[PDB]
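The structure under discussion appears below in the form of structure tokens.
There are 2 protein chains.
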Amino acid sequence: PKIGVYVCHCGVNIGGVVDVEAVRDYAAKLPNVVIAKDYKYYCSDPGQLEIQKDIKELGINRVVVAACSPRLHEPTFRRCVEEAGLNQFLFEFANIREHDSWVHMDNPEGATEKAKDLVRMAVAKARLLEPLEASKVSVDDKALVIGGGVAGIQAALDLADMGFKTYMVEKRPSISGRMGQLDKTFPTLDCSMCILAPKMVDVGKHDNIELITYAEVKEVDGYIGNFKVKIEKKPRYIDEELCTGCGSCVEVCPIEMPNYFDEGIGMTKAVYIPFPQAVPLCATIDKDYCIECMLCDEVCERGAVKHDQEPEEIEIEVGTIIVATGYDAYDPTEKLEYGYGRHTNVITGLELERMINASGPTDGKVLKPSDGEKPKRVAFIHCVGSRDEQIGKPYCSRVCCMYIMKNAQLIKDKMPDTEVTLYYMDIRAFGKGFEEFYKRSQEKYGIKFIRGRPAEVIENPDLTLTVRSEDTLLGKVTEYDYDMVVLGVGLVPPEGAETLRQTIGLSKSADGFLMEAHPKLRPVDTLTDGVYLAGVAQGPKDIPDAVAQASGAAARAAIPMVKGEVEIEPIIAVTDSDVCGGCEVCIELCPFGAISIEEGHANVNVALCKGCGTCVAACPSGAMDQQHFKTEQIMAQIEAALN
Amino acid sequence: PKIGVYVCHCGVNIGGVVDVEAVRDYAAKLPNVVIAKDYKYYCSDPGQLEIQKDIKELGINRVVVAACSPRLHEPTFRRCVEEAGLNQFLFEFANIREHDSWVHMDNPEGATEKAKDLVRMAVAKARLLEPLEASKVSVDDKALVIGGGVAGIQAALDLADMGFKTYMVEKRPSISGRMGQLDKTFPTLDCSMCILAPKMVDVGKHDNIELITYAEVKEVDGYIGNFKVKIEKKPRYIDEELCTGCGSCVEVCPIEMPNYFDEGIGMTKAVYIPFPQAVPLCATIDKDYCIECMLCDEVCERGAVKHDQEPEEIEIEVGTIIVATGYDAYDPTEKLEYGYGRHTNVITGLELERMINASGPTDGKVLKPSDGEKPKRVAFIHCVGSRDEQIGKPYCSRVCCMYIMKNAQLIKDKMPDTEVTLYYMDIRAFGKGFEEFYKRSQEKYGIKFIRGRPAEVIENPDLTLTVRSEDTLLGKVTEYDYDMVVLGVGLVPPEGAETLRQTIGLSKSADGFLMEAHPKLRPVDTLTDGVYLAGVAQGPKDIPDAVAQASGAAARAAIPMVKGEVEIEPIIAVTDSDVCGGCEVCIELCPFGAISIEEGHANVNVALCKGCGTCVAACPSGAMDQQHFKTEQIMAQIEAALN
Ligand SMILES: Cc1cc2nc3c(=O)[nH]c(=O)nc-3n(C[C@H](O)[C@H](O)[C@H](O)COP(=O)(O)OP(=O)(O)OC[C@H]3O[C@@H](n4cnc5c(N)ncnc54)[C@H](O)[C@@H]3O)c2cc1C
Ligand SMILES: Cc1cc2nc3c(=O)[nH]c(=O)nc-3n(C[C@H](O)[C@H](O)[C@H](O)COP(=O)(O)OP(=O)(O)OC[C@H]3O[C@@H](n4cnc5c(N)ncnc54)[C@H](O)[C@@H]3O)c2cc1C
Ligand code: SF4
Ligand code: SF4
Ligand code: SF4
Ligand code: SF4
Ligand code: SF4
Ligand code: SF4
Ligand code: SF4
Ligand code: SF4
Ligand code: SF4
Ligand code: SF4
Ligand code: SF4
Ligand code: SF4
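Top to bottom, those sequences are chains A and A'. A prime marks a further copy of an entry chain.
Position in the first sequence (from 1) plus 11 gives the number in the deposited numbering.
Position in the second sequence (from 1) plus 11 gives the number in the deposited numbering.
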């Protein structure tokens, strides 16, 4: 063993506290060490060049680096040594920055002694290291996209245009997500369906996209490039291949049920098409409401009605997964002071979006729920379900300000005589053109802004609503009457989010949305390799941000599939057949079942083993041993820590 | 000619105003028309299937669609007819929605008559159409990335990992952009350099990336897949291949000049390295300050100093371009009431970022410019250079709120006894974890928030600063004294932005940043094919949004390069040699020089012609004629409009 030690100054992060001169000499004087050097920034290109030159010249076969935590830069130095010809796993890392220099600033002498001890432990471990060849595994060039909203549609189209065969699983009968439910979009007031429908048709026609709507992902197993996914397609009771979406079955159906697309304010039949631009344009029967009258069977000319349909099980093999499951609107029923669900003329922002839509339940007319007449006075309340510790929702929903202003502008254009007032804490018009939109809400449409979080909404006997709120800029309490009140509800993770998160094995952030690998530089990656996030799945945001995230997720998922191969770490259990007695107290301790028994000896499957070391710690005789974490290595480290 | 006419209801967008029954019968009765049908949504899959079935059955050779504007759905129907075997350009579009139904709502009868006339004109044009084969052109599988900030670095790394050879042009001597200048990042307060430097090294080592720093893009010519780019590499007067970045030349240099990296508050030598983590780690001589003393030549051991270096011209051929040129910080000198550049202890947010940086000019100490001592009282002013019509800056800069709160928190941690007050209009903490960060600024660090836009900053004789501002929530004027005032300057397009925009040929938005193809669904595309935007080039935003945009831009630019081919529209000039007299009054009228003279006859180059039709309109005898816009076709349309 010819150990080369490299102590990093990291500028003054280590050097400021730890004497990189004494440590270097100590390392040079330790047994088996043939060189000790220090450099200002080893992770940089000059430092890696120095390490490679030292390996080439002095013939170092073991490399020890006294630098930051291995979790940051272990792969960097592993590749550095690889490019110089040395084996990947002859390398050792000493943590003297996060564990020594940054936590013992007031004890420089103790810090230097701790650094000496840690480098001694690292060299003790490095003495007994041996080469290990890492196995390559093929990466399937297929992707799964969960969620058929704007983000999911964008991700699927980008992957399919790059040549990868993509599956798109959607739990609703049709794709579109929440963007299909909007009438217009801010800040341009353009029609959302007019621009989304072509993309939906594209997804429906793409040769590289397999669209599975009305389906859920039930099981996910495996790893990057090698995901096995079990999907459950719910029974439509309509044949997708035969149905043309004419709608005669809907015409004849006698039963009426709520339309999920209309968000509780629209009705359809037990057999329904969610909206005219649905993709696939196919009928669906909800058996909770079907009475099995067979009128739809008799009126259908394609023979597409199948009352004996069963749920179908699909198994796919993919290489990457993109979660694009969006969000649900906050339910403000728990805000008792605002009276949602109790007062007749209190509605939410999404319900208003459905109501203002020309294709919505009311044919685009904003009408009071109480009497079906246009309101003359409308109040909007910001931050409902957001920025509120009384309900455990301390985050901003990021879009409610803008869509509140947009819907106020739309109400003004449709009914210019209407009076509109917004109750806000902050106006968060941060995006491109958002501040101009905010100013236009006042200058052009005459919308009134009151800086005050309403205390209460009181329903009067005539069903009008008094908003009781302080005007904080006038510094006085106001009680103003309105014919309609619209709650600016925030965004929450969708129903069934935890089930899918556990199925895939992802973590979630403090707000309840899925967590990205790094907040700053890996916004669309997760810590699970081969799984990516796009859109509001990662947190509330508007359509362009979700689309950018979907494109980025497509690129990130394409990178490994283009590479076609990934490396498996060889830190795995190995059994000594000559020592193993076949006691088998190790097999059950493997959560992945990597250990079996062949010829009376324990045998580990590399594909199943993950390298936890539990079995090795359990083995009394020591027949089992983990590569790179052998018992002798840890024992040497323990001995060096105290001697 | 067997013309099939298809009138779209578009739901009620046309049908509501225009009688799609009378128009269909009129079309059926017109000469050469063999079928007339109407469908609720023709652009949808069922409508395209209907059109294809009609073409296959009745043998239609001309297709006319009375629907929305051609600029929206002409490619859709072109591909629809292609997939049924018909030629792409036998297709005609009548605009009866944007031009008739949506603009004559109060005259339904006049609307229907106008629709009849427009369909008659469309059929008149379609009678004389003929097939045209479109030529394919290869797409170069190479990309250029302009700008070496976080967005540009991300885009280049994503493209290079997908296998494409990428050029990265950077005007500064080193990559990093503005993220390298930050000390920490919000909302996590993690070190920005610690996470950016590995990416910079990766860019510097990638086999698929050619990094050209200290260079500018001078000329761009051509089109998607076929861009010819002329780049000018400025002379460093240091040999990049030889320089190791040791810094001895800096040690010996006698001249002192401002360091651009330190934003006007840091000094370096005439030969300088912008920062220790620079990529490439190379020296640069600024000849505005060099006195040619040759001390650097004598102290350099690599012989890397080249005082006779000249600017170099590089010509590259690429298929896609990604603009990632970032932003500049607003210069608040024009806000005379705040006294920047006049008061000693008034600084900007970016200057404070450099000052709080441990590697900055002051070694991470926040010191007053007047006396070099720590301030005891600090004020932050929000929205400086933003949301202000007095300076023509009506937009939000979107990050100043958060980095103001972050730098206040950093000042508190470094100097807990310091008092910090923020003067704000709205707190825009919209991002993930931003509202929690905002609350933590108060609960944990005790930062004071005053809702008021300061009227004035007055320098007192002792050089302290009185902020005169209304507290609007107390409703009273306040005059508070501070040792330091930090202006929360906004983001503006970088210097030289207009030159590069004109060089490429891009448009800009109202705020001055580059304009995307569609605000909602194409945030990273431009209307110039093959050119994409990433990061703050498209508008102010934070690091994760810029990184998502960079990944999306990489994916979008990869799509056409994976396809490897694009179609050229055949709407081009054609000369009748038997009629052309070689008068040549057409050649100079082509801005692209597509027309030359061979054998005494005008000859058009397809590669140069773009299809404006100017030459055809100029030709008296009619020898020149534009394909798909022939004189006979327009004359027939004129005749049908009036008869
Ligand atoms: C009232 C309102 C108005 C708005 N107005 C605007 C506006 O004007 N402009 C703007 O830019 N933004 C607006 N937004 C925000 C915008 O809707 C979002 O940015 C966008 O919808 C996010 O798209 P997405 O694909 O990430 O999610 P979604 O649109 O929610 O789509 C997610 C999809 O995933 C599906 N799904 C969920 N769970 C599963 C599962 N387990 N398996 C399979 N599929 C699943 C859902 O059914 C859905 O189809 C508005 C939001 C609201 C509430
Ligand atoms: C004081 C301050 C603090 C901030 N703090 C944070 C924070 O804590 N967290 C956060 O997420 N964001 C923060 N931001 C915002 C963040 O800096 C931006 O989101 C990010 O820098 C944008 O990266 P970019 O690559 O788009 O642009 P830039 O970082 O500006 O990089 C653009 C690059 O293009 C180069 N370039 C320009 N013109 C040309 C040309 N013609 N040819 C070639 N190259 C060219 C530039 O030299 C530069 O290297 C802060 C901003 C400021 C001003
Ligand atoms: S190797 Fe680690 S400690 Fe050394 S400079 Fe790099 S990040 Fe800092
Ligand atoms: S089931 Fe039959 S009748 Fe109903 S929409 Fe489908 S094709 Fe039409
Ligand atoms: S069988 Fe069910 S879906 Fe069909 S018409 Fe009767 S109630 Fe409606
Ligand atoms: S975006 Fe506006 S309305 Fe929505 S939570 Fe944030 S501050 Fe409240
Ligand atoms: S515990 Fe040890 S001895 Fe027993 S079967 Fe496992 S490896 Fe063999
Ligand atoms: S190391 Fe862990 S995963 Fe591997 S065989 Fe032993 S118990 Fe199973
Ligand atoms: S073809 Fe045009 S007019 Fe007809 S439905 Fe589609 S978008 Fe509307
Ligand atoms: S020019 Fe020479 S002395 Fe100066 S940094 Fe480069 S190698 Fe070192
Ligand atoms: S020649 Fe110029 S750069 Fe070199 S030491 Fe002299 S002044 Fe400095
Ligand atoms: S982000 Fe905050 S400080 Fe910056 S312009 Fe917008 S409101 Fe003003
Ligand atoms: S203007 Fe007409 S006649 Fe004259 S050279 Fe051109 S094509 Fe020929
Ligand atoms: S149509 Fe326009 S571009 Fe083409 S040759 Fe004539 S003038 Fe030139």
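We put the beta carbon where it would ideally sit given N, CA and C, even for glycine.
Quick one: is the Cβ of residue i within less than 7 Å of any heavy atom of ligand 12?
i       : result
A':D342 : no
Beta carbon of residue i: closer than 7 Å to some heavy atom of ligand 3?
i       : result
A':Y414 : no
Can residue i and residue j be called in contact, C-beta distance under 8 Å?
i       : j       : result
A':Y434 : A':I367 : no
A':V497 : A':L363 : yes
A:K127  : A:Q644  : no
A':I220 : A':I249 : no
A':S185 : A:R567  : no
A:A564  : A:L538  : no
A':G523 : A':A162 : no
A:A335  : A:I157  : yes
A:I276  : A:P405  : no
A:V500  : A:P343  : yes
A':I582 : A':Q648 : no
A':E470 : A':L476 : yes
A:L168  : A:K210  : yes
Return yes when the C-beta of residue i is under 7 Å from any heavy atom of ligand 7, and no when it is not.
i      : result
A:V596 : yes
A:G593 : yes
A:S632 : yes
Examine ligand 6 and report whether any of its heavy atoms sits within less than 7 Å of the Cβ of residue i.
i      : result
A:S480 : no
A:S452 : no
Quick check: does the Cβ of residue i come within less than 7 Å of any heavy atom belonging to ligand 14?
i       : result
A':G624 : yes
Beta carbon of residue i: closer than 7 Å to some heavy atom of ligand 9?
i      : result
A':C91 : no
CB of residue i to nearest heavy atom of ligand 1: below 7 Å?
i      : result
A:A162 : yes
A:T177 : no
Would you say the beta carbon of residue i is closer than 7 Å to some non-hydrogen atom of ligand 11?
i       : result
A':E303 : yes
I want to check one thing, is the minimum distance from the CB of residue i to the heavy atoms of ligand 8 below 7 Å?
i       : result
A':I327 : no
Is residue i near ligand 13, judged by its Cβ being under 7 Å from some heavy atom?
i       : result
A':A613 : yes
Just the residues with CB closer than 7 Å to a heavy atom of ligand 10, in chain order, which are they? The answer, residue by residue, is A':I249, A':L253, A':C254, A':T255, A':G256, A':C257, A':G258, A':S259, A':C260, A':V261, A':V282, A':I284, A':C293, A':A294, A':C307, A':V310, A':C311, A':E312, A':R313, A':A315, A':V316.
Using a Cβ cut-off of 9 Å, which residues of the segment 512-544 of chain A' contact any Cβ in chain A, in chain order? Within the segment 512-544 of chain A', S520, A521, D522, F524, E527, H529, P530, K531, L532, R533, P534, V535 place their CB atoms closer than 9 Å to a CB of chain A, listed in sequence order.
With contact counted as at least three CB pairs below 8 Å, one residue from each stretch, are the segment 146-154 of chain A and the segment 500-517 of chain A in contact? Short answer: they don't touch.
Under 7 Å (Cβ pairs) to chain A', residues found in the segment 165-181 of chain A: Answer in chain order: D169, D172, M173, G174.
Listed in chain order, which residues of the segment 552-565 of chain A have Cβ atoms closer than 8 Å to some Cβ of chain A'? For the segment 552-565 of chain A, which is checked against every Cβ of chain A', the residues closer than 8 Å are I554, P555, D556, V558, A559, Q560, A561, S562, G563, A564, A565.
Touching or not, the segment 112-125 of chain A' and the segment 610-623 of chain A', by the rule of three or more beta carbon pairs under 8 Å? Note that the segment 112-125 of chain A' does not touch the segment 610-623 of chain A'; fewer than 3 beta-carbon pairs, one per stretch, sit closer than 8 Å.
How do the segment 299-307 of chain A' and the segment 393-410 of chain A' stand: do at least 3 beta-carbon pairs fall below 8 Å, yes or no? No, because fewer than three Cβ pairs between the segment 299-307 of chain A' and the segment 393-410 of chain A' fall closer than 8 Å, the two stretches do not touch.
So does the segment 191-204 of chain A' actually touch the segment 576-596 of chain A', counting three or more Cβ pairs closer than 8 Å? Between the segment 191-204 of chain A' and the segment 576-596 of chain A', the count of C-beta pairs closer than 8 Å stays below three; the two stretches do not touch.
Which residues of the segment 440-459 of chain A have a Cβ closer than 8 Å to any Cβ of chain A'? Give them in chain order. Answer in chain order: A440, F441, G442, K443, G444, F445, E446, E447, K450.
Mind checking the segment 196-208 of chain A' against chain A and listing, in chain order, the residues whose C-beta falls within less than 9 Å of any C-beta there? Against chain A - using a Cβ distance shorter than 9 Å - the residues of the segment 196-208 of chain A' are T196, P198, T199, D201, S203, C205, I206, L207, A208.
Touching by the beta-carbon criterion (3+ pairs, under 8 Å), the segment 61-77 of chain A and the segment 13-21 of chain A: The segment 61-77 of chain A vs the segment 13-21 of chain A: in contact.
Would you call the segment 23-36 of chain A' and the segment 634-643 of chain A touching, i.e. three or more CB-CB distances under 8 Å? As far as the Cβ criterion goes, the segment 23-36 of chain A' does not touch the segment 634-643 of chain A, which means the pair count is below three.
Report yes or no: do three or more beta-carbon pairs, one from the segment 55-70 of chain A' and one from the segment 87-107 of chain A', lie closer than 8 Å? Contact holds between the segment 55-70 of chain A' and the segment 87-107 of chain A', because three or more Cβ pairs, one in each stretch, are under 8 Å apart.
So, does the segment 241-261 of chain A' touch the segment 313-330 of chain A', judging by three or more C-beta pairs under 8 Å? Under the 8 Å Cβ criterion, the segment 241-261 of chain A' counts as touching the segment 313-330 of chain A', having at least three qualifying pairs.
If the cut-off is 8 Å on Cβ atoms, which residues from the segment 207-229 of chain A' count as contacting chain A, listed in chain order? Correct list: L207, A208, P209, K210, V212, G215, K216.
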